[PDB]
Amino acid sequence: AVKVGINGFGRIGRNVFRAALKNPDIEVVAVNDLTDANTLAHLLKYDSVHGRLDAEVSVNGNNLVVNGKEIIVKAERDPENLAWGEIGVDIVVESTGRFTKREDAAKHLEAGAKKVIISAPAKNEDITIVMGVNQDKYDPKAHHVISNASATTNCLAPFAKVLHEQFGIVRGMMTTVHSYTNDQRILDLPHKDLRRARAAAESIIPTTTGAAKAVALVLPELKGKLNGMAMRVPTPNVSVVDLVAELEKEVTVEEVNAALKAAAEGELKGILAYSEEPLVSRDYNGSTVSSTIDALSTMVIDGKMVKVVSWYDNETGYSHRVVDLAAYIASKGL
């Protein structure tokens, strides 16, 4: 239905493409990176994390060919030269990781695009959205550069929403044991973050995260009530959020879990899931939801302090949300 372009055909760019392949209302007509079609096709076909792409992939000139459909391949380092308008691209998924500033992402609009979805926390964006939490705040008239936040925020926000509405969150802190990403390093290389500069597959690497405070962007009532950190570990994909919060209402483990299960079946179905199985990260590789409560981990002290653990495939879940947001934004008229 709506024509979409993807700038930065990497981990999120390609997984967003995989997700788009399952959404008939979304059509990816062009992608942009810093290599050639042959390379992007090879990477799209064979994935070290999600296996071979269950589709036909080939190349024809500067175009990828998936199931007969041709996708234009561009290699413009400067997004202002993408000429999105000429090929009718309305929504651009900005996932290079280099253009999170509005002034930069806005270059896509200058190139003829209508809307831009930054696949990460942004700066000076017109608004930040987390599907299932605040998409109703999207304004087609005033919002052109939208942030889909981070995978961590998309995992926490949904169940933070439930805990707050049902029991009221006074204050809380979280840690996300997160798999490594391409923003880290193989073997001790320069990095603005001296922790992320260290060999990713050899250590537990503490690093900051704005996910806790970013939750306030989608749930204003939580402003100043949350904070947290991250710990990158030697796993290629799938992460988990560990939240410890003080509640206004006195609760039991059963009550907390019941409320999370109810939200997973109702308001947040497809966004928040609920599991009573003793699973591990590998089990969630490929999961499309944004957050899956690990019910067995739920605990409470004095009926006022609770710990909630939730899984999330930082690649697949987030990419699906990006597509859901694309379709949602389009449904409001471009």
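Start at 1 and count along the sequence shown; that's the residue number.
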For 317-325 versus 17-25, entry-based mean Cα B-factors point to 17-25
Residue stretch of maximal mean CA temperature factor, 150-158 vs 106-114: 106-114
When you compare the CA B-factors of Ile293, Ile271, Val59, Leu44 as listed in the entry, which one comes out on top? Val59
Would you mind checking which of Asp188, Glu254, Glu246, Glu80 has the top Cα temperature factor in the PDB entry? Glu80
Among modelled residues of the same chain, the CA temperature factor third for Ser287: middle
In terms of the chain's CA B-factor thirds, is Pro234 lowest, middle or highest? lowest
Lowest, middle or highest third: where is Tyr180 by C-alpha B factor in its chain? lowest
Please place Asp242 in the lowest, middle or highest third of its chain by C-alpha B factor as given in the entry. lowest
Among the chain's modelled residues, which third holds the C-alpha B-factor of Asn67? highest
